[PDB]
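Please treat every number below as a calculation from the coordinates, not as lab data. Using ideal geometry, Cβ is built from the backbone for each residue, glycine included, and neighbour counts are taken over all protein chains shown.
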Amino acid sequence: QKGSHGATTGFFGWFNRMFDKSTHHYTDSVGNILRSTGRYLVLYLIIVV
Amino acid sequence: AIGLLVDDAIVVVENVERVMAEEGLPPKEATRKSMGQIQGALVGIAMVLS
């Protein structure tokens, strides 16, 4: 009901807003990861070694 | 095997839930859309895990 009307009060109120910020920060960071793929390819090689 | 089973349940339920919220579809139509999105993926995942 009422679209994506997540709760805004209590623990669930705080979790919903925390997660949305977390998701936005994640999808922003991935944006920065995709600008320079080569460096993270080197990171992957380090991880494999 | 608990991880695989709970993942298989959670993926479907959440994907239906996500479609229902973003698009605003009724539960049945949203479920149809979600399953249309993930059915082939689930079959391929079964084959891969096998």
Given the criteria loosely packed, with under 11 Cβ neighbours inside 10 Å, part of a helix (DSSP H, G or I) and acidic (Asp, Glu), does A:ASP28 qualify? yes
Scan segment A:1-24 and report the pairs whose first residue is free of Cβ contacts under 8 Å to residues at least 60 places away in the same chain and more than 13 Å from every other protein chain (Cβ to nearest Cβ) and whose second residue is part of a helix (DSSP H, G or I) and among the small types (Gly, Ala, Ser), with Cβ atoms within less than 6 Å and a gap of 6+ or a chain change. A:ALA7/A:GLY13
Whichever residue in segment A:20-37 is farther than 20 Å from A:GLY6 by Cα and among the small types (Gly, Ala, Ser) and, among such residues, is farthest from the chain's Cα centre (by Cα): A:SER36
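Okay, residues lined up against (1) of a type in the set (D, E, K, R); (2) away from chain A (no Cβ under 14 Å):
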position	(1), (2)
B:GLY3	no, yes
B:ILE10	no, yes
B:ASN15	no, yes
B:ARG18	yes, no
B:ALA21	no, no
B:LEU25	no, no
B:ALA30	no, no
B:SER34	no, yes
B:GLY44	no, yes
The lone condition A:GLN1 fails out of (1) surrounded by 10 or more Cβ atoms within 10 Å (Cβ to Cβ); (2) closer than 24 Å to B:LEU25 by Cα is (1)
Breaking point among (1) surrounded by 13 or more Cβ atoms within 10 Å (Cβ to Cβ); (2) under 25 Å from A:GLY6 (Cα atoms), for B:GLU22: (1)
So B:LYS28 clears everything in (1) part of a helix (DSSP H, G or I); (2) surrounded by 11 or more Cβ atoms within 10 Å (Cβ to Cβ) except one condition, right? Which one? (2)
